[PDB]
């Protein structure tokens, strides 16, 4: 397979709670803003339920901040070419009903090329997919997933199998 992103299925990362948010997960930047006074738990889980490989990322939300991105997992680097159109695909589910996630892609100036907005995550694995075009001259971009929605408090959201593919 060919993908723009790195370690899209967390298969590179040792199982366990992630405390090193910026660099503990190859291919990813995890970020919790200081406005999040009850911080989440990020965990790489080894599980037979994994859509891809043996591992998933789990995000347990115990509170939120001011903006959905104050709890986020961002794929970086994402290696792309100007003008090219890409397909984004990921799988997600949640421990409980009611979860909300936005799946986005943007440049280092935080301008979004596209997103899936307030996706309704269920207790069953589902694919979430969209297309975007790199409409500027960037070659290295990023893919922020936003979890800091108030509706997610008391839930755990699981993601796996991020694949950004040359359409």
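Residue numbers count along the first chain shown, from 1.
148-156 and 9-17 differ in mean CA B-factor, and the higher of the two is recorded for 9-17.
As listed in the deposited structure, the average C-alpha B-factor of 123-131 and of 48-56 is greater for 48-56. Looking only at 36, 101, 141, 30, the residue with the top Cα B factor in the deposited structure is 36. Sort the chain's modelled residues by C-alpha temperature factor and residue 87 lands in the middle third, per the entry.
For residue 110, the recorded CA B-factor ranks within the highest third of the chain. Only modelled residues enter the ranking. Per the PDB record, residue ranking by Cα B-factor puts residue 163 in the lowest third of the chain. Looking at the C-alpha B-factors along this chain, the one for residue 4 belongs to the lowest third.
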